[PDB]
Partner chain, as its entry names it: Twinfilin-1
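Take a look at this single chain, the form deposited without the partner chain, given in structure tokens.
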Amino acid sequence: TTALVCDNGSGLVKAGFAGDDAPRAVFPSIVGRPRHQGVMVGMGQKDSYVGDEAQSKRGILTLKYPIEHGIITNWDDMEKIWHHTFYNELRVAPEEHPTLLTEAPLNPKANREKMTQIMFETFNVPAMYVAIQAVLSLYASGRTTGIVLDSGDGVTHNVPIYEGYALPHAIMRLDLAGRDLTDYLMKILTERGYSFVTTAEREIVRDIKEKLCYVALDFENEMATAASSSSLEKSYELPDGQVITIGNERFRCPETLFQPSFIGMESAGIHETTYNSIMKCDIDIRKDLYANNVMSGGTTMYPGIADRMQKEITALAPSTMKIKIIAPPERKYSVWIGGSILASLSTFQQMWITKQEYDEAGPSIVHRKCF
């Protein structure tokens, strides 16, 4: 029975079974192919590496991410990852369980529809349902009210929910996200001669970022103190033993989330995106949202980012509004956790879209709405 929860994000694939409080399979949504050599099978050499093994043999592969900015672009590779997810990672035969999928709001309708088709035809998934990540994030936090600030790898978005009701009219979405932060950092590391150009190296820079980068509480001030050599500098050991010294970049990188323009992004920073979404909501609600900002996973894992936003939102908001940011430990899996909850949830059972229904109605059925 149970159910599968598959948070097929743009960065990491988080899969597991309903009822568990943690993902069982967490691995990079990556399909790698022998960068060079051509590679005739000959003996038995495969030309396809997925997830952890692509990381292991990263040095000979060109790594691709099927999903870009929250949208599945390379469907062949996407299908491949799902295949791998079920059989090689979870070790489960798809048709045993109904599957709960997730996605970012404001995606192309074809994203849902094509994904749906595959679930029902390639994997023969008894029944399937695609939920919105923001909703799930609140379930994880145990809230019915708040601003969900999702921000990881491909997509950043804001969803206002009030006492169980979604306020779709104020959804915000940015391309700013972890992947942009990574690439920005690559560009910045170059300032010190640390040239990174390969997809392998990009991947390394992701690892650098996740170890050293953090959010400043006052970018300008801290940046100024960085003029003096100090604790702001911290080293990193590369795979080949070469040691890197990181300085300003350690906080300049994540700062992009607050100052978009760093990468040529025209939009406003996440604190204003959040604030404005609240401004687009009814005045009787605004207060409740101010005291219940809920950070999801991904890039919200930077140290001190909660405090930084608390500061800036407080500045933007009215002085009597209590600004409080919810940013629990394990929020990196917030969506997946919510999925587990929802899937195990009793009444939710009626929401499954059976293959039967799909065959009867066709693709359009996935756009039905209900909690």
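Positions refer to the first chain, counted from 1.
From this point on, the text means the form deposited with the partner chain bound, which you will not see here.
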| query | finding |
| --- | --- |
| Partner proximity in the bound PDB entry: residue 136 to the partner chain, non-hydrogen atom cutoff 4.5 Å | yes |
| Exercise: residue 140 in contact with the partner chain in the bound PDB entry, heavy atom 4.5 Å | yes |
| Sequence-ordered residues of 332 to 350 touching the partner chain in the bound PDB entry, heavy atom within 4.5 Å | 337, 338, 341, 342, 344, 345, 346, 347 |
